[PDB]
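So here's one chain in two forms, each on its own in structure tokens, numbered structure 1 and structure 2.
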Structure 1
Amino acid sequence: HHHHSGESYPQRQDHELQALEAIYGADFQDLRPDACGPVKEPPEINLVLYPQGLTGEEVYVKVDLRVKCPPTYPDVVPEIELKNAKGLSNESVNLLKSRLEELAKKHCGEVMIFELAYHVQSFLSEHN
């Protein structure tokens, strides 16, 4: 009745955060403060995302992907927010948020932030 990997929800979430930091690096940020105790707060991360395959150093379209993973993630959808949108209209931001929440529902059962991030990168490329 448990996931085939045999890992708990915190281990699956912690492994995804390590994977996100390895690929995105400085564009990834764990917004949780350094806890002096043994309790780990639910992960809240920020991903600065650019159009797919962006080159150079001059950006025109970008947005920050704010993801808060509840304890039952990824068996439940995470809290998705879009911040610091640049070069996007209000209708395009609402559309992207609706598509991400729709993607998150179909992605339940597996960690999904990598798929949400690529969906944003592909979306930004279509509006660039």
Structure 2
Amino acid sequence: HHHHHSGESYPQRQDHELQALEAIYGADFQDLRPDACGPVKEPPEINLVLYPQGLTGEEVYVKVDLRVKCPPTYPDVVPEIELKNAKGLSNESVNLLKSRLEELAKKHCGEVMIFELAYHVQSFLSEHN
């Protein structure tokens, strides 16, 4: 990696965020468009299986999948956020988390934000564990 961060293009920043998410979450990360092709980069869609922060081996765990699609001008605009496969969470709790995530994303415009969104989910899951 010998590129500079300030002059990057939108496809370069999104591709680099996917590599960062893969290094951080590993098997909990899934690229839903791994065979993306074309002259222009397709909007990436990723799936993050997230767990409560600081979960021990003796604890029962609630979980949820953070599904994010990045528009062409991401991260200058907010991504499409979805919450799927919630375990141990009520429908009102999932709707509450999605509203807080969409509002955190509005204030996080200008830089890649999926990791901070995932951190707030894991913090939310810890409070509901």
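The term rigid core refers to the maximal set of C-alpha atoms that superpose within 1.5 Å between the two forms. Residue numbering: sequential along structure 1, first residue numbered 1.
*Asks:* Once you align the rigid core, which of 83, 99, 86, 40 turns out to move its Cα at least 2 Å between structures 1 and 2?
*Replies:* None of the others reach 2 Å, which leaves 40.
*Asks:* Please check if residue 59 moves between structures 1 and 2, taking a CA shift of 2 Å or more relative to the superposed core as movement.
*Replies:* After core superposition, the displacement of the residue 59 C-alpha between structures 1 and 2 reaches the 2 Å mark, so yes.
*Asks:* Once the core is aligned, what is the C-alpha displacement of residue 49 between structures 1 and 2? Give it in Å to one decimal.
*Replies:* Reported C-alpha shift between structures 1 and 2: 0.1 Å at residue 49.
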